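Heads up, the chain below is alone and in the form deposited in one PDB entry; it's given as structure tokens.
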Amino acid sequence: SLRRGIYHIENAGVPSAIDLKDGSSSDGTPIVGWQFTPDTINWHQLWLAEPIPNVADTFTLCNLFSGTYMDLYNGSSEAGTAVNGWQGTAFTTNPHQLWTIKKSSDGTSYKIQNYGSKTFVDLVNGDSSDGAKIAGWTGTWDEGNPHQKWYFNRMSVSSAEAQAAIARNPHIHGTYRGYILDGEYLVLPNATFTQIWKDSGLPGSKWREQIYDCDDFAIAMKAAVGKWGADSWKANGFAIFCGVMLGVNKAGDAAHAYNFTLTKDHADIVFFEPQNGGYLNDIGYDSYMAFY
């Protein structure tokens, strides 16, 4: 089954993602095919899949930016029926906004079926143009038709996945304790993580003994990523990944506070130095505490 989380949904035939046009919150905003840039935030192209309890493999799909839901217009089963953003709720009973999502016949891409109509999300004609129509269309679960096949490129980690990335790391102290704050996290590209650091004003901050030292930099960076999350996205039910760690050096006679993020493959953590914006695989300390 597709896991709860945030997805960049990319057509299997052409490099077009499912895009809520101009990120508009208006009811009936077209959802279209649009080109995308890897290792960026694709602002109009992120979808929070929320599993419906007791209805197998069936989800709402909420646009992270707009906070509006992928909606089959009037739930029509006619081929070519508009797929739009529409106001709704994460556990709606409105079948216009319920989507059964299961693996295609290629075992890697998915098909997206409207729960009400039993028609499929279709990039009409496989058109690769920016703003190409996406519609509900007749189809089958088993057929090869790439118009109706969608890679769910996973952009978020569970707290369990983040816990596993930390536990893999070779710089964890024997006394380590980790404190988990949320359930599902958007993983940022380093380019975005860096931009939030810059926009916080931290690059201008001076180290001062106790009054603005390592712990102040690390906590300011976590607060800044928190603020950016709330200020940037209209959807609820996820957080932004940014960790704080306290570490101790090999000699056991010096400690340091810093941040950490996750690799592109979500398998490992990377240390971030909020005093200079560096990324490091080894920051010269082993973590004895994290909160994220």
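Superpose the two forms; the largest set of C-alphas matching within 1.5 Å is the rigid core. A residue's number is simply how far along the shown sequence it sits, counting from 1.
Below, we turn to the form deposited in another entry, even though it does not appear here.
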After rigid core alignment between the shown form and the other one, the listed option with CA shift of 2 Å or more out of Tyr176, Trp137, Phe152, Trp86 is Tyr176
If the two forms are fitted on the core, does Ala56 show a Cα displacement reaching 2 angstroms between the shown form and the other one?
no
After a rigid core superposition, would you say the CA of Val248 moves by 2 angstroms or more between the shown form and the other one, or not?
yes
Relative Cα spacing, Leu181 and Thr192, in that other deposited form - shift of 3 Å or more:
farther
Cα-Cα shift for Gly201 and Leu181, closer or farther in that other deposited form, minimum 3 Å:
farther
